[PDB]
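So this first bit is one chain, no partners, the form deposited in one PDB entry, shown in structure tokens.
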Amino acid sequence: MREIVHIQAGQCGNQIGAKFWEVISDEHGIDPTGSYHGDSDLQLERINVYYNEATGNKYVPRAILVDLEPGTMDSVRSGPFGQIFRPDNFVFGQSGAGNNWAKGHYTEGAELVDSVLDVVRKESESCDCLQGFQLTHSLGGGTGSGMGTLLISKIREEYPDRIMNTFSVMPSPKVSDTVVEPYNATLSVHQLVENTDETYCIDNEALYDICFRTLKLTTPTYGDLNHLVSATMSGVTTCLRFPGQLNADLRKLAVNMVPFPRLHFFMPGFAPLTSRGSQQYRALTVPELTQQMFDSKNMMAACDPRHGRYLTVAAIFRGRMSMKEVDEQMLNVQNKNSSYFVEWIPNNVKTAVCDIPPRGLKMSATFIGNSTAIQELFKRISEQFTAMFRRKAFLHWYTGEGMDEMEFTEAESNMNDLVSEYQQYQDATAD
């Protein structure tokens, strides 16, 4: 379990995907050219997890950029770390997907998926011990959702023994009022429920609410939202990229976090919540970090954990802090809120510490929860999907690409069963 192969598809997938590399690279001393320029020796121990070391002492990200629209690849290279990627790892088509899941999954995406698999095959053959695959995309678009789930399915067959990890951005009317996005999301969820081991649900609804109400940003921009995404992705991957006491991998995380195969959608949380050019006040204490990361306002999925029950939880504390102070504060939040943790899963809260803090913060806490309250995210998508599907609005866009209306019903039926499963274990008792 060493190498992780990163994949980013579509406009959203490549945007937050680029931000991810700009962040962890800054945290590992890698510059826009790939040369190590850090002052710590602990930032190269697990460096091979995400970077291929070139012979010239260079470090290149093990990432693959995909998109049916060439306009997104150009903007990536202009970005700071645009040249660090392998130019061969750019697989961009001509005609976009038009926000159509069917276009990305069955027609235009199908013509390009084979070319992307060849690049994925290359990256996997030159691996010492392939840990798994990591995908960043959005579920409301055409390329990331349509062609993204297609790649997931194809990679699941060719690499069935590896882990499938996704950073799926959920649509929301607060960011883009495109009534077809509930279609694309419900069809993608049906795929993610069957072909992935772990999915971090990054909800644009929660990202907007954080900036609008908490960060007091009246007109939130994609950069303001992705500022939260890059911080969440960095935290949830800190234990994969740094030594620490854990030496964690994608499989050990999945084994201890996913009690049931289909219930593998994680609710990420971060603290402190900041804005671009903010970092206000004087950090925060461990007790402040604990209460914030369990607060619904610090959640990246628009869900209230107090309306459900945690099945499993993983908290990472990054910074110089008393490991004893963390153990008690974590212990207090569990005995205090003992009702919000299932009794039939003993010791369902794991805590880790990494002295390397995130770059403009000294104390930080990232949270990963498998709570039954995530059903509210799927219910919101299901309500919007049903409202559009009942009126059969825009269905000719999908049927015209070969899709059948029975695939919509099968998609909605599957997502409703997922909500039912969460309610099962939210009201179950040891008895």
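Only residues modelled in both forms are compared. Definition used throughout: the rigid core is the maximal C-alpha set that superposes within 1.5 Å between two forms. Quick note: we count residues from 1 along the sequence shown, nothing fancier.
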Is residue 281 missing in a third or more of the other PDB entries that were compared? yes
Of 311-319 vs 131-139, the stretch with the larger average CA B-factor in the entry is 311-319
What stretch has the higher average Cα B-factor here, 270-278 or 145-153? 270-278
Per the entry's Cα B factor values, which of 326, 119, 302, 164 stands out as the maximum? 326
Deposited CA B-factor, highest of 159, 200, 294, 90: 294
So where's residue 223 on the chain's Cα temperature factor ranking, which third? lowest
Residue 36: CA temperature factor from the record, placed by chain third, in the highest
Relative to the other modelled residues in the chain, which third contains the C-alpha temperature factor of residue 50: lowest, middle or highest? middle
Chain-wide C-alpha B factor ranking for residue 181, given as lowest, middle or highest third: lowest
Classify residue 341 as lowest, middle or highest third according to the C-alpha B-factor given in the PDB entry, relative to its own chain. lowest
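There is another form of this protein, the form deposited in another entry, and it is not shown here; the text below is about that form.
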So which one of 160, 87, 346, 277 actually moves, Cα shift of 2 Å or more between the shown form and the other one once the core is superposed? 277
Residue 173: after superposing the rigid core, is there a C-alpha shift of 2 Å or more between the shown form and the other one? no
If the two forms are fitted on the core, does residue 214 show a Cα displacement reaching 2 angstroms between the shown form and the other one? no
Could you check, with the core superposed, whether the Cα atom of residue 245 shifts 2 Å or more between the shown form and the other one? yes
A 3 angstroms or greater change in CA distance between residue 227 and residue 279 is reported in the other form. Closer or farther than in this form? farther
At a change of 3 Å or more, would you call the C-alpha separation of residue 32 and residue 279 in the other form closer or farther than in the form supplied? farther
With the rigid core held as the fitting reference, name the runs of three or more adjacent residues whose C-alpha atoms all move by 2 angstroms or more between the shown form and the other one. 244-247, 274-283
